[PDB]
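Right, one structure below, let's go through it.
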């Protein structure tokens, strides 16, 4: 399926960190530190200027993502035209449609969408999201609390579903306002049918490793960047190695 | 597919009238008046009827025999299926056995009828396996006002769905809290994916014809509560067959007696 | 432990139908129909509800008589918290004591300390926390109760699904989250983990409340219970009915048999 | 001290059962069944009983005779004291005569029994002169649930008080709204400074033994409301004396009749 | 292994644990007689930089503690791999998991956990806390809340000690605490682990008051004063001689601005 293909594309990002960058300079640093991809961003917050996105794409060889406003299917048409690798329909910038998200099945470019619980995730996937970011705080709070909450909520509901009496799954789907067939699939896989990255408030190597130990596939990250970024990449790569995590965190500078 | 077949079985009831019966006598009077199928049943807790009386009814008439099971009472269903009933009515007019879950109807070979009050609820019942939808108003009042409300509700939303922008159907599915697949499938067909009858309050020929004129594939009647049941039954049956023929509707409603 | 033994003693009841009785004749009709045990009391729950007054432990006399009429185990109800009604039942030589919430609550804040007894206890519950608390108090057997003396099985279904639902949630739960789960349940952490590992209640679990027909009883078994209570004599023909329910529990996964035993059973309550 | 003496008088009732009586007959049946003392009394306003019937009862039995006075009705008390009653029960089961004040019991030579629902209330009654406390549950229901609540309440707080930090007892006294002297005196003794019985709902031998096992020095019974009063009375009396003997409790509860 | 961690904590009884944000202080703290130091360094507050933790673990000879955000089991994994003696899962740092605390049994090093009442203490212990600190207000210099919580815990413990055994089941429910630990606590007549006081302990009098209430020691966050070295020693002496008013007068005498 074309969806299976998109879901297959995002799967190459597993085990990685995605870094938000605002220039060719930041993009280059992020690549050097081993970021699996960069997500381009430039009051109302909108899709970034295509010129900036082009410069970033040329400056690096890792996949390039860019944001579109929720429900702004034209911005998404534009991003797909200039040939980005992924589009993030991102609640971090200003929502353009309060009631409807982008009909992501109409695009060839794979989409990431945010979520705070299992029902949300599945709704985004039914709309055609190939990847999900389980999101905490929207601002740069450097606080991972809400992210942990929403990762545990998603992971926890999946575990409840896994073992659930089959007869009760219909009502369960209703309660979380999710498409039944996707709930059924998630039950079978004992996992959400797409790549799932933690995002929001990730500030330290310990934060990033925590997300991985909670079961995520990777993380998004928003006075020494090169070092900090390398530390987080290493953290995600060796999230089960406390000795490595220790080295990574040593004198990283002010977070 | 097994489900598609069950759906097909229920289509042989279109344009028909289903009548409640409590004895073999009534069942014959019902078949004699031209009922498409009969529904076997007998305050106080209301449960599935005794298989004894069900067997007697299935042995008196040659038309399809249906029977009620309490909502969520999957074992009652199993028992009805094992005695060779043609249809099972997981009906809310019986005493609810399970408050949060309905019977998983797919796990059965016999087709199910479920009730509903709106589109979302109809689609949820269908996703659970229901092969035939009963849009129910008020039970045991003889007042069709609620049935009209629900029929208009379901058919109203179906028409809204037909012409809706495809990018808005996802949100619509959420608002209905219904399975997206079935919502789109309903959008395509431009109608309910299964047979749809009306039930509740139908007390006169005019009531029955009104349901058909609204869009219902048929009606349930709960008759012998009238003055001359045999007469009233035939009138309603004719009403359903000739629902767009006033001259006829006048002819069968004339001197019907106490309704 | 002496608690391990009491728990064992109850295992013999798995697959059984316990019946309420108000005299000998009935107790005999209950065993004659194949009841795994009888529960002696001077009023059935339906009559308790319809009548009122204060429902207490039954007079020993009527308990001794019943216990001499049948060979299957004999149970008796003791008001919740009334540890002296219990002592009296223990002394009388009954098999099990049901600290029953269908009788008139005697202590609003504290259940009987059941460990202080050598005789096994059955306690009612409505959810998992309530069951694990009763067990920690000593209860060797648990019956998840719906509504009593109505003939409506809906609340029993709610509670069964409630207890079994959380048990399944508990089994697959992240180990680090069980502590919080125990708090929310308001149940002892030890028993919660013992329930997690085992994948079920660490004691025998029966259904009770509104079980009127064979289909009802079989439903409880298919939901995952170990047996049912019936509070049968408020129906048309007790014997035929009692036998049918017993058979239903033994053949709960057999619709053909269920149809057989349900046919012409008479008028239910 | 006069109070200490009154307290001493009430200690000769320990381990006993007090029975309500309305005629000389009942009083004898009560004494015959081994009652420690008898309580004389006869909708509608409930007042002190006629001295005539009280005199007849005090002349039929050789055990102590008690009588009720309405709460706050100090003149009723005076009248009971003047006719040589052994104990006065300022009882809430009679129609309250004064809503804000109780009888000043010190002003009497006869010992008083007062009711209570918690420790603070018991201590307030004692400070007013009460020589014996009745922890009362529900009156005239045959349901002991409320008595259990109150007994556990009083005894619960007494145990909390026993081990409490001395610097926190002042605040505790305030929360109870009870006299500090008596609170400390209760702390020391580790129990109530006066005799404590249970009352309300006691309908069976088991009920009575339960009260004793909880900590009560005895019980009141309100018997003739049973099938065979003489039998039920003796059973309860034996229950109180052998409250920790199940074998006996079974022996006296057997074939007791309608309770 | 849990009973071993508990024992490792009982060592600290009668001691003063002092906060520190660098080596100098850690020494100024050990030189005053602290039984251990607590390493740290608006805005999110997290675990401290290992480097600074190593600089302190190698600058003193008394046990070295460190804070880990509540629920942040990886911050703890890092602290453990650093080789410090105690981990304090502390609510003064920015809460990391609002719903669950760290599973502390999954660690070798002993854990300190804060609490405000007996149920809260017993839950932390069941999660594997080897030591409990009853916390009042943090960084206010006011001990009112600490007094409240100390009296709260010690109060219910005394209630539990003499309680009717039959009623304990319901008591455990109301506390929302594990029955086993409740009955344990009832048998011991105290917390089954070391219990310190923390929050608003500014003066020597405060420290002695906590001991007289029945605490095993105190935390201090001394450095917010006009003369640290003097203040630290006084507080240490106060905890050691918490019954000697004549002594408490000396150590409180001209200690500068608090």
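Neighbour counts are summed over all protein chains in view; Cβ atoms, including those assigned to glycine, are modelled from backbone coordinates with ideal geometry. A short reminder: the numbers here are calculations on the coordinates, not readings from a lab.
The residue D:106 and residue B:241 beta-carbon pair, evaluated with R₀ = 60 Å, returns a calculated FRET efficiency of approximately 0.05. Across peptide A:135-145, the mean count of Cβ atoms from other chains lying within 10 Å of each residue's own Cβ comes to 3. Applying 1/(1 + (r/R0)^6) with r as the Cβ-Cβ distance of residue E:253 and residue E:183 and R0 = 56 angstrom yields a FRET efficiency of 0.75.
Between region B:110-131 and region E:1-62, how far is it from one alpha carbon centroid to the other, in angstrom? If you average the Cα positions of each part, the centres end up 66 Å apart. When a/c reaches 1.5 or more, the comparison of a/b and b/c decides; with that in mind, is chain C rounded, prolate or oblate per its Cα gyration tensor? Here chain C falls in the oblate category. Taking the number of Cβ atoms within 10 Å of each Cβ as an exposure proxy, the fewest-first ranking of D:49, A:249, A:81 is A:81, D:49, A:249.
Apply the a/c threshold of 1.5 to the C-alpha gyration tensor of region E:148-188 and tell me whether it is rounded, prolate or oblate.
Since a/c reaches 1.5 and a/b is larger than b/c, the shape of region E:148-188 is classed as prolate.
The label-point distance for residue E:98 and residue D:78, in a model that sets each label 7 Å from Cα toward Cβ, rounds to 6.9 nm.
Pull up the DSSP beta bridges for chain C and report the antiparallel fraction as a percent, rounded to 5.
Roughly 0 percent of the beta bridges in chain C run antiparallel, per DSSP.
Averaged over the residues of C:45-56, the number of partner chain Cβ atoms lying within 10 Å of the residue Cβ comes to 2. Counting only other chain Cβ atoms within 10 Å of each residue's Cβ, the peptide E:86-94 averages 1. Counted residue by residue at 0.36 nm each, then reduced by the alpha carbon distance between them, the extension gain from residue D:59 to residue D:213 reaches 52.0 nm. In terms of surrounding Cβ atoms within a 10 Å radius of their Cβ, D:252, E:92 rank from fewest to most as E:92, D:252. Please list, by residue number, everything in region E:138-161 whose backbone N is under 17 Å from a paramagnetic label point 7 Å out along Cα→Cβ of residue E:224. The answer is E:138-148. Per residue, chain E reaches -12500 deg cm²/dmol at 222 nm when only DSSP H runs of four or more residues are counted, each adding -39500 (n - 2.57). Footprinting exposure proxy ranking of E:2, D:197, fewest other C-beta atoms within 10 angstrom first, gives E:2, D:197.
For residue A:108 and residue B:191, what does the FRET efficiency come to when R0 = 25 Å and r is the distance between their Cβ atoms, rounded to the nearest 0.05?
0.15
Overall, the anisotropy analysis places chain A in the oblate class: the square-rooted eigenvalues a ≥ b ≥ c of its C-alpha gyration tensor yield a/c not less than 1.5, with a/b not exceeding b/c.
Just grab the label-to-label distance for residue B:42 and residue D:28, each label 7 Å out from Cα along the Cβ direction, in nm (one decimal). Calculated label separation equals 6.0 nm.
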